[PDB]
Amino acid sequence: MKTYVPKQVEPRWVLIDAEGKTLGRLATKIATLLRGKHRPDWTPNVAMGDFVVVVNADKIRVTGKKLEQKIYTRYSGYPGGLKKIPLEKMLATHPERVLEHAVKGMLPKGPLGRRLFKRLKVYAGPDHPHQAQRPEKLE
Amino acid sequence: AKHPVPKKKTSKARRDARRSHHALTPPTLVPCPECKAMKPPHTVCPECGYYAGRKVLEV
Amino acid sequence: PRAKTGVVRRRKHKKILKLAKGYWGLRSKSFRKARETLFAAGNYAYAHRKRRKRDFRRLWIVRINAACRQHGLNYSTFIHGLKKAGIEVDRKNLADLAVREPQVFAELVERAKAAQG
Amino acid sequence: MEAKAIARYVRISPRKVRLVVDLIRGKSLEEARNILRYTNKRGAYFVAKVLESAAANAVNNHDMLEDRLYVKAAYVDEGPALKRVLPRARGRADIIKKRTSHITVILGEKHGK
Amino acid sequence: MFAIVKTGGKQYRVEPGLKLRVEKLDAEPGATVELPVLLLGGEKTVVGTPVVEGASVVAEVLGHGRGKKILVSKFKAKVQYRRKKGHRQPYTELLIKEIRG
RNA sequence: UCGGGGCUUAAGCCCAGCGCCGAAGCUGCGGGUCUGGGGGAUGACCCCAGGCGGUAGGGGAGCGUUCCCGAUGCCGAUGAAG
RNA sequence: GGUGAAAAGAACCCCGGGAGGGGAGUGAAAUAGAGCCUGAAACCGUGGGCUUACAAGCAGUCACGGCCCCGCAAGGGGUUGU
């Protein structure tokens, strides 16, 4: 046998920055706690998604040319597959979907909007009227 | 006999759920002013009755 | 001679029945159904013997890799670090004396780095 | 004690009077009486009558007094039935039933101390 | 204080004085188990390219045993194949002594 | 809608490199199995080389059931079968 | 096709209109009480112990956990959230 029970390892309140950078490497590790890609399987809410809240606040730029349309989607975590929250028409859908693609780009929809909604907004604009951990694994 | 004939057999679950939507609901009774009886609301109790007093033959 | 078919049937019947008790559905209230679902359950059990082993392989690999990330490098490097040097065993799982005891962990990390760097 | 009293092999189908049982199940004598007395039903004053049955045995055969006698259970099953053949148009002869009940009204202890 | 050991295609982290089983052994029922192997200790105790051979780990054994039978009941889904069996894995119980390394 | 997300010093292509991952297939440990050999006078048991995908179908084998023997018997009120 | 060994087949009294019950006596036995040896399952019910209202389902299985009750120990029942 073997035992690797860690109980509640307690919340890691990181909030990394690279908002100016990438569009996919804009995940993977930023994933590991997010997805444009990473963790699904009927459980990982917008929640830990937030955290980072791309606390870097918002949008920025693009790698290729598929501009004039997005703010971003699919693959986040929890039930209906993977999870997200779609695009720009949803800049509207409650609060705005920037490179927070990743997080407040996933998110603004009323339903993961269940997933408490409850961890984000232009809150995430680094005021996030709160407190986190400002080494924030900047890297 | 004609067309809508039970495709398959229903489950006891859904059976007594369909049943579950009907928990037998109790009636309503308030006391009579100057007696001991639970008359239905607004209604005069069989005996006693209302103000002015009438009937009084429900032994 | 008439062999009065008596309780043999009912006994193996309620043998399988007894095996069933713990499920939902009329399977957990029918004989011929319990039976079949139990067959399926057995298949599942074997599958999950071998696959228990393999999914364990998965988790081992995972948290060893994640610890490796939390420090410096990653998995593949880790492995050739052990494998090349000479340490031909470790039982990957046994390395889970890692977060449980980060000390010996860090040192052995330096082993893998040492004899393969 | 737990006063046991019953009246088996009588009418009403399971569903109805089983709901009549779990209508007042867990509520003292007074209320029970006045309720069964006042319900748009058959099992109302019916199960009230078997309640009378239960009332005697606990008052003048168990002796626990009517003021301490609260509604203790009532389980009330299905029993046998009545299997009739119904005439119904186009040569159809069908099987239709009358289901029954096992009204086990019990009454019991008050405070407990 | 721990210690690692590769016993019977099963490798472990054994403590100094507890624990209850291994693979089925051709070893004495209730007497002396000298483990001519070893692969750790406590406060730093690296394993070499081969085993750890500064010395050895020591176990006591408290009798043999069998553990939870599994009915290998694997059937096939159509044209007959209902294999109803059940293997009970035979093993040997222990309880260590120390880790003289 | 490429599984999907998503990817532009690639996460696409070309060429080289080392590393891992990763099957009931292989190593170790443990159990069964039938077989072949030898000790086995030995029955046993022990050791040794090897196969086990398996439907029809071949073949060995193993549980149970009414009743005849065992019986002018044995268990059974301290309690028979179901 | 079945109460018992035999009717000794439940007298007197309490709820009811009775039907049925509730105390009795009786007999070893009253879940032997009048359709009365056994009395499975299907199927229908009572309390209570455990779960389930963010959820995509051949409903089972594997690792873990939370709960209730057996276990001196380790353990175990089973409930089934991930």
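(A) Representation of the overall build of chain A in the model. When helices and strands are counted, chain A shows 2 helices and 0 strands. Relative to a compact globule of 139 residues, whose C-alpha radius of gyration would be 14 Å, chain A shows 15 Å and is just as compact. Out of the 139 residues belonging to chain A, those deemed buried represent 40%. For chain A, the share of sequence-separated contacts (at least 6 apart) that also reach a separation of at least 24 residues comes to 59%.

(B) Structural detail: the overall build of chain E. Across its full length, chain E holds 0 helices and 9 strands. Expressed along its principal axes, the backbone C-alpha trace of chain E runs to roughly 60 × 30 × 20 Å. Evaluated residue by residue, chain E yields a buried proportion of 31% over its 101 residues. With an accessible surface of roughly 6,800 Å², chain E has 56% of that area assigned to carbon and sulfur atoms.

(C) Region of interest: the protein's contact with RNA strand F. For RNA strand F, the set of nearby residues contains 39 residues, the closest of which are A:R25, A:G36, A:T63, A:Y72 and C:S76. Sugar plus phosphate, as a fraction of atoms of RNA strand F within 4 Å of the protein: 78%. With respect to RNA strand F, the side chain of A:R25 contributes an N or O atom lying 2.4 Å from a phosphate oxygen. Note that a phosphate oxygen of RNA strand F is positioned 3.3 Å from one of the side-chain N or O atoms of C:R57. Looking at the surface near RNA strand F residue by residue, the classes come out as 12 nonpolar, 11 polar and 16 charged.

(D) Quick look at a positive patch on the surface. All names here are of chain C. A surface patch of positive charge is lined by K50, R51, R52, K53, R54, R57, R58, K83 and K92. Following the sequence through the fold, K92 ends up in the loop between helix 3 (75-85) and helix 4 (102-114). With a relative accessible area of 40%, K92 lands in the partly exposed category.

(E) Structural view of the sheet that holds strand 6 (residues 61-66) of chain E. Residue and element names in this part refer to chain E. If you walk across this open sheet you meet the 3 strands as 3-9-6, and the pairing is antiparallel. At either end of the open sheet lies a strand with only one pairing partner, and these are strand 3 (21-23) and strand 6. Direction aside, the axes of adjacent strands within the sheet are offset by 30° on average. Inspection of the sheet shows strand 6 paired to strand 9 (residues 90-94) by 5 bridges, in the antiparallel sense.

(F) Representation of the interface of chain E and chain C in the model. With 19 residues of chain E at the interface, the matching set in chain C holds 25 residues. Both sides together, the interface formed by chain E and chain C hides about 1,800 Å², and carbon and sulfur atoms give 63% of it. In terms of surface lost to chain C, no three residues of chain E exceed E:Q11, E:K74 and E:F75, which account for 28% of the buried area on that side. At the junction of chain E and chain C, the tally comes to 0 salt bridges. Where chain E packs against chain C, one counts 2 residue pairs in polar contact. Mapped onto the side of chain E that touches chain C, the elements with two or more residues apiece are strand 2 (10-12), strand 7 (73-75) and strand 8 (82-84) of chain E. The element contributing the most residues to the side of chain E that touches chain C is strand 7 of chain E, with 3 residues.

(G) Representation of the arrangement of the chains in the model. Contacts are most numerous between chains C and E, considering all 5 pairs of chains that are in contact. Looking at chain B next to chain E, you find no contact at all, with the nearest C-alpha pair sitting 23 Å apart. Nothing in chain D touches chain E; the tightest C-alpha to C-alpha distance between them is still 39 Å.

(H) Region of the structure containing helix 1 (residues 8-20) of chain C. Taking 1.5 Å as the rise per residue, helix 1 of chain C with 13 residues should run 18 Å; its terminal C-alpha atoms sit 19 Å apart, in good agreement. A positive backbone phi angle near 155° is found at C:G22, which sits one or two residues after helix 1 of chain C.

(I) Highlighting the environment of B:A23. All names here are of chain B. In this fold, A23 is placed in the loop between helix 1 (12-18) and strand 1 (30-31). Judged by relative accessible area, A23 falls into the exposed class, the value being 54%. Put simply, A23 and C35 are 12 residues apart on the chain and 32 Å apart in space, counted from C-alpha to C-alpha.

(J) Looking closely at the protein's contact with RNA strand G. Residues in close proximity to RNA strand G total 41 residues, the closest being C:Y23, C:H48, D:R25, D:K49 and D:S53. Each atom of RNA strand G within 4 Å of the protein was assigned to sugar, phosphate or base; sugar and phosphate come to 78%. In this structure, a phosphate oxygen belonging to RNA strand G sits 2.8 Å away from a side-chain N or O atom of B:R15. Contact distances for RNA strand G include 2.8 Å between a base nitrogen and a side-chain N or O atom of C:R10. Of all the elements in the fold, those that place two or more residues in the surface near RNA strand G are helix 1 of chain B, helix 1 and helix 2 (31-71) of chain C together with strand 2 (7-10), helix 1 (14-24) and helix 3 (43-59) of chain D. Here the surface near RNA strand G gets 7 residues from one element, more than from any other, and that element is helix 2 of chain C. Here the surface near RNA strand G is built from residues that sort into 13 nonpolar, 8 polar and 20 charged.

(K) Representation of the sheet that holds strand 3 (residues 70-72) of chain D in the model. All names here are of chain D. Here we have 3 strands laid out as an open sheet, ordered 1-7-3, and antiparallel in their pairing. Here the strands that pair on one side only, and so sit at the sheet edges, are strand 1 (2-4) and strand 3. Between one strand axis and the next, the sheet turns by 35° as a mean value, whatever way the strands run. Across 3 bridges, the pairing between strand 1 and strand 7 (residues 106-108) is antiparallel. For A3, the partnering residue across the bridge sits in strand 7 and is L107.

(L) Region of the structure containing the environment of B:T25. Within the secondary structure layout, B:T25 lies in the loop between helix 1 and strand 1. Between the alpha carbons of B:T25 and B:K9 there is a distance of 30 Å; along the sequence they are 16 residues apart.

About the criteria used
- Residues numbered from 1 in each chain as written, not as in the entry; some residues may be left out.
- Chains lettered and ligands numbered in written order.
- Part of a larger assembly, values for the part shown.
- Heavy atoms only, no water.
- Helix = DSSP H or I, 4+ residues; strand = E, 2+ residues; numbered from the N terminus.
- Rg over C-alpha atoms; globule rule 2.2 N^0.38 Å.
- Buried < 20%, exposed > 50% of the residue type's maximum accessible area, 1.4 Å probe, protein only.
- Contact = heavy atoms within 4.5 Å.
- Areas by Shrake-Rupley, 256 points an atom, 1.4 Å probe, with all protein chains shown as cover.
- Near = heavy atom within 4 Å.
- Polar contact = N/O pair within 3.5 Å; in protein donor to acceptor, adjacent residues only side chain to side chain.
- Nonpolar A, V, L, I, M, F, W, Y, C, P; charged D, E, K, R; others polar.
- Patch = residues over 30% accessible without salt bridge, like charges linked within 9 Å, V, L, I, M, F, W, Y side chains within 5 Å.
- Salt bridge = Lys/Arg side-chain N within 4 Å of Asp/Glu carboxyl O.
- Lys, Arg positive; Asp, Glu negative; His and termini not counted.
- Charge placed at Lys NZ, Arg CZ, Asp CG, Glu CD.
- Pairing = 2+ DSSP bridges.
- Axes fitted to C-alpha atoms, helices over the stretch in contact; angles between N-to-C directions.
- Buried area = accessible area lost by both parts, 1.4 Å probe.
- Expected span 1.5 Å × (residues − 1).

Read these as layout, nothing more, since geometry by itself doesn't imply function.
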